[PDB]
Visitor: 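Just passing along the structure, written as structure tokens.
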Amino acid sequence: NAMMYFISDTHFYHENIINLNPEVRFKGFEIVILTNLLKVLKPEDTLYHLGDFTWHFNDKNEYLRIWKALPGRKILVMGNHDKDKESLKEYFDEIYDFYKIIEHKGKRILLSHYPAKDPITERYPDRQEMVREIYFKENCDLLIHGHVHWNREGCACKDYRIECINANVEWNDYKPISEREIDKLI
């Protein structure tokens, strides 16, 4: 039945990221991402995008129109590059500006774009602290986030009694994460 998927940091149209993360990003990554979502989503599913959706809204290659066409419910948890909520409103059914809490088969899940701690560079320490704060305050069991890109080594959201999983495309071979992998923890 209804499955939950999580993906983030798609950077649709961020052509330059091919240069910035030569390692993982390659020309035509939008098509690859959209493809992997295509062969998985069903009308009753729900896809969570945890940040940095599109680089701009000039849908010259149909990437956005295609995304819009995909089946299932789509909700977004805003990342630092996600600024125009009005432009976004028609690519998502629900938009949460910072976090969203959901409960799955008992356990409580915090959805945010920011991690508890960036294992590399803590560019947004204040936002990281808020995530931790919420996590603790709401007695959350897991944190699903994005923001931290692929690197040649390996979240820091472990130095705190916090469990997490990085939904960033660069870490999951441009595939959404199923609610299955969540259960692999529970």
Side-chain angles (χ1 to χ4, degrees), residues 2-42 45-55 63-64 66-67 70-82 91-92 96 99-100 102 104-105 107 109-121 123-124 128 131 135 140-158 162-186:
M3 201 115 289
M4 293 188 311
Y5 296 92
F6 314 77
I7 192 165
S8 67
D9 307 88
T10 45
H11 279 80
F12 288 124
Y13 288 113
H14 190 188
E15 188 179 71
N16 210 38
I17 200 166
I18 286 171
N19 288 147
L20 301 167
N21 305 331
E23 289 281 16
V24 284
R25 299 283 178 162
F26 54 82
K27 185 170 187 49
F29 62 81
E30 290 94 329
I31 248 56
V32 169
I33 286 170
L34 294 174
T35 288
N36 286 151
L37 289 173
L38 212 190
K39 44 188 183 167
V40 137
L41 292 179
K42 298 302 182 304
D45 297 346
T46 299
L47 174 64
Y48 292 84
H49 193 305
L50 314 184
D52 292 356
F53 174 56
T54 187
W55 211 240
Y63 297 151
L64 300 194
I66 291 170
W67 161 278
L70 290 179
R73 161 164 293 265
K74 300 171 186 68
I75 99 87
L76 162 73
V77 185
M78 301 179 81
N80 183 238
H81 192 77
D82 301 328
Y91 289 110
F92 295 94
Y96 295 96
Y99 75 102
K100 211 283 188 298
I102 65 176
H104 180 239
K105 285 173 183 171
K107 296 193 173 180
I109 311 173
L110 207 214
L111 307 177
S112 188
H113 169 73
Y114 308 78
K117 189 180 221 57
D118 192 310
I120 302 155
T121 288
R123 283 171 291 168
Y124 297 104
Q128 282 174 23
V131 173
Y135 189 86
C140 293
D141 294 289
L142 174 66
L143 169 63
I144 303 190
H145 66 69
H147 190 268
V148 188
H149 304 314
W150 178 91
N151 58 230
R152 350 77 188 203
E153 8 288 3
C155 206
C157 34
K158 203 69 183 67
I162 299 174
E163 289 303 347
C164 65
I165 141 200
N166 194 327
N168 183 139
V169 291
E170 296 192 4
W171 286 110
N172 320 97
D173 202 38
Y174 305 76
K175 292 182 188 174
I177 286 173
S178 187
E179 74 172 28
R180 286 261 67 257
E181 289 150 287
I182 299 182
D183 297 347
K184 314 310 299 174
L185 303 175
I186 194 175

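Because only heavy atoms are used, hydrogens play no part in the values below, and waters and symmetry mates are left out as well, while side chains stay in. Residue numbers count from 1 along this sequence.
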Visitor: Does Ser8 reach the main-chain N or O of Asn168 with its side chain, forming a donor-acceptor pair under 3.5 Å?
Guide: yes
Visitor: Would you give the length of the straight line joining atom CG of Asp141 to atom CD1 of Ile109, rounded to the nearest 0.5 angstrom?
Guide: 8.5 Å
Visitor: Look up atom NZ in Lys117 and atom CD in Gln128, then write down how far apart they are to the nearest 0.5 Å.
Guide: 6.5 Å
Visitor: Do side-chain atoms of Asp82 reach the backbone of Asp52 as a donor and acceptor pair under 3.5 angstrom?
Guide: yes
Visitor: With rounding to the nearest 0.5 Å, note down the distance linking CG in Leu47 to CG in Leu70.
Guide: 8.0 Å
Visitor: Output all residues satisfying disulfide (SG to SG under 2.5 Å) with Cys155, sequence neighbours left out; order by chain, then residue number.
Guide: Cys157
Visitor: Evaluate the side chain to side chain contact (heavy atoms under 4.5 Å, CB included) criterion for residues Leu37 and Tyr5: first the C-alpha distance (whole Å), next the side-chain angles of each, then the deciding distance (0.1 Å), finally the verdict.
Guide: CA-CA 9 Å; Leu37 289 173; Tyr5 296 92; 5.8 Å; no
Visitor: Inspect the surroundings of NZ in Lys42 and state if more than 12 heavy atoms from other residues, nucleotides or ligands are less than 6.0 Å away.
Guide: yes
Visitor: Using ring-ring contact (aromatic ring centres under 6.0 Å, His included) as the criterion, list what pairs up with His149, not counting sequence neighbours.
Guide: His11
Visitor: Could you give me the CA-CA distance, side-chain angles and deciding distance for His49 and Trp67, then say whether side chain to side chain contact (heavy atoms under 4.5 Å, CB included) is met?
Guide: CA-CA 12 Å; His49 193 305; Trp67 161 278; 3.8 Å; yes
Visitor: Quick one, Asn166 and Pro115 - any side-chain contact, counting heavy atoms below 4.5 Å?
Guide: no
Visitor: Not counting sequence neighbours, which residues clear ring-ring contact (aromatic ring centres under 6.0 Å, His included) with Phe6? List them please.
Guide: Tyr48
Visitor: Is there a side-chain contact between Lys107 and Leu142 (heavy atoms, below 4.5 Å)?
Guide: no
Visitor: With a 3.5 Å distance limit and no angle check, can you tell me whether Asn172 reaches the backbone of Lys175 through a side-chain donor-acceptor pair?
Guide: no
Visitor: Hey, is the main chain of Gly146 close enough, under 3.5 Å, to the side chain of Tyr114 for a donor-acceptor pair?
Guide: no
Visitor: So which atom in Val40 and which in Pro176 form the shortest heavy-atom distance, rounded to 0.1 Å?
Guide: CG1-CG, 4.4 Å
Visitor: Under the side chain to side chain contact (heavy atoms under 4.5 Å, CB included) rule, collect the residues that match up with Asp183, sequence neighbours excluded.
Guide: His104, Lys105, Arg180, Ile186
Visitor: Return the SG to NE2 distance between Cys164 and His145, rounded to the nearest 0.5 Å.
Guide: 4.0 Å
Visitor: Using side-chain hydrogen bond (donor to acceptor under 3.5 Å, both in side chains) as the criterion, list what pairs up with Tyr96, not counting sequence neighbours.
Guide: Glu94, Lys100
Visitor: Any heavy-atom pair between the side chains of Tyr91 and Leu76 that's under 4.5 Å?
Guide: no
Visitor: Decide if atom OH of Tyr99 counts as having more than 12 heavy atoms of other residues, nucleotides or ligands within a radius under 6.0 Å.
Guide: no
Visitor: Could you go step by step and tell me if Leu64 and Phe53 meet the side chain to side chain contact (heavy atoms under 4.5 Å, CB included) rule?
Guide: CA-CA 10 Å; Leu64 300 194; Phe53 174 56; 3.8 Å; yes
Visitor: Do the rings of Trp55 and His14 sit parallel, tilted or perpendicular, given the 30° and 60° boundaries?
Guide: parallel
Visitor: Contact between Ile144 and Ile177 at the side-chain level, heavy atoms closer than 4.5 Å - yes or no?
Guide: no
Visitor: Can you give me the closest heavy-atom contact between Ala116 and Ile162, atom names plus distance?
Guide: CB-CD1, 3.7 Å
Visitor: Side-chain atoms of residues 15-26: list all donor-acceptor pairs with protein atoms under 3.5 Å, sequence neighbours left out, distances to 0.1 Å.
Guide:
residue : atom : partner : partner atom : Å
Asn21   : ND2  : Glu170  : OE2          : 2.6
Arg25   : NE   : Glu170  : OE2          : 2.8
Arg25   : NH1  : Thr10   : O            : 3.2
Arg25   : NH2  : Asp9    : O            : 2.7

Visitor: Can you measure from CG (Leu41) to OG1 (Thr46) and round to the nearest 0.5 angstrom?
Guide: 9.5 Å
Visitor: Assess whether side chain to side chain contact (heavy atoms under 4.5 Å, CB included) is satisfied between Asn80 and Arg123, documenting all intermediate values.
Guide: CA-CA 11 Å; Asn80 183 238; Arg123 283 171 291 168; over 6 Å; no
Visitor: Taking C-beta and beyond as the side chain, do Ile33 and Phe12 meet within less than 4.5 Å on heavy atoms?
Guide: yes
Visitor: Report the distance from atom CD1 of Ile66 to atom CD of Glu30, rounding to the nearest 0.5 Å.
Guide: 10.0 Å
Visitor: Shortest non-hydrogen contact from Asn151 to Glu153?
Guide: ND2-N, 2.7 Å
